[PDB]
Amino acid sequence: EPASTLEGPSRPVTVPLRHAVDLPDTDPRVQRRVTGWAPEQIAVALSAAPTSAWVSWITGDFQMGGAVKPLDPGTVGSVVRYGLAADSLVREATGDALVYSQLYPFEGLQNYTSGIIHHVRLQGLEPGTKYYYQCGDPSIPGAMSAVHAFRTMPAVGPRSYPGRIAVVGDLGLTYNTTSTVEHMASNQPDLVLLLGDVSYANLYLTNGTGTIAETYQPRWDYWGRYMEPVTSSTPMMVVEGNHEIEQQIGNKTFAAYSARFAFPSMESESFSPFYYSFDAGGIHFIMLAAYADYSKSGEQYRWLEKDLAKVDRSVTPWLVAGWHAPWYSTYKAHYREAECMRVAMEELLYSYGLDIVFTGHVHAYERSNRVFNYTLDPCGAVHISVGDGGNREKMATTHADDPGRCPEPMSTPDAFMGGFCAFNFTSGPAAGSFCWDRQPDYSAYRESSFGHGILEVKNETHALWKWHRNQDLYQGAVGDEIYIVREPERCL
């Protein structure tokens, strides 16, 4: 039987230390495998409730370089035919289409515009049920997809859970990414959470050379094409990271992220692609924005207060959050970088009994002991960071507590969001300092390996967490495993 959080924190563990190569545009998996207006990059996303889901896809090739001419999204329809059997696609839904462009008004830089992106919401679905579907435009010969299938989340209730939820972040599109995704797919998750930093298109110049701020947007299309075997069969929920900012003409940001994925923004009443909520069985998930105003006077905070007040913990016992930047990572990389977000939101989330937090951003794996306001606390959330999806940026290997590695405080805050909130500790072992001189006691486990996690919620009190390292391929391999046990009578 696996160990558990029920008997308190564990003594910290650091796994001793042991670039990825981006997939080339010659890889058949990233090339166009369809012609004309046939769908590609097909992806399923959850709605706010299990009884609805989104199907999205792109029709038409992108344009890169020269005098790009954005496509008219009204010229290709957005239709999904679906049903309970592969030969019985008797239900129909329609949606809307859009394009986005990536434009730079500087000599020598190249412009991009997308294929036509489609988003269709299916309503009136049975929970826990396999649906077969085709997408495309039935009025254009050859413009319908093959038949695909996905399974809706189980019905919302305290003993009803998806079997496995995969959690990844900072995938990029390297050969190590393919290892992460293959490991994940072999675990047959019912749901994928992607905690920001998707394609790493901004590691390229517009002319395709791999390193104002620039991107090579075709990496998004390569990513979407590579991921389609997963996303067309498995719902995937994405939240933005800093690599999605992709600032362009007129200060426009997040164009690719906001256009490409479906989010339950309207259904969960966030009306933002950057944060939203949804239920999957008895789990209420909140995806938060580390890169949209998170201050107590802002819209995201107001939405979050409203969202939390509606959660009934007898219906959804589990309250789980995801966002890009960790609050309790002990690596030097991005150490205390999101402190202002923690200071803004942590007390609100603690007051509502947040159970688990998943993040990315730090290119390594870390699991915290239960913690609130830098204090080990039996009612604090477990913070797990899985930004180790395999992108081409350097792995995080140095720890802030390593001798001589404590960063200068003023160098740590996120420059995009601004502010400084990371003051020296005033109590505990590290009182008077910015960092510890050994692994902090709120850090249970940290390892500089690529991998993915699987969450298996069992009932209203127990969830089994497993993290799998990419370099282990044998059956049943697991790097870190623990039962996360909640105590609602104690903490709520």
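The first residue of the sequence shown is number 1, and the count goes up from there.
The entry shows an unbroken chain from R11 to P12, with no unmodelled residues of the deposited sequence in between. Unmodelled residues of the deposited sequence between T211 and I212: 10 or more. In this entry, the higher average B-factor at the C-alpha atoms falls on 395-403, of the pair 395-403 and 375-383.
Comparing 408-416 with 304-312, the higher mean C-alpha B-factor in the PDB entry belongs to 408-416. Per the deposited coordinates, the residue with the largest Cα temperature factor out of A364, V120, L203, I286 is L203. Taking only the listed residues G451, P50, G65, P440, the entry reports the highest CA temperature factor at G65. When the modelled residues of the chain are ordered by their C-alpha B factor, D61 lands in the highest third. The PDB entry assigns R32 a C-alpha temperature factor belonging to the highest third of its chain's modelled residues.
Among the modelled residues of the chain, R446 sits in the middle third by CA temperature factor in this PDB entry. Among the modelled residues of the chain, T75 sits in the highest third by CA temperature factor in this PDB entry. Ranked against the other modelled residues of its chain, the C-alpha B-factor of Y104 as given in the entry falls in the highest third.
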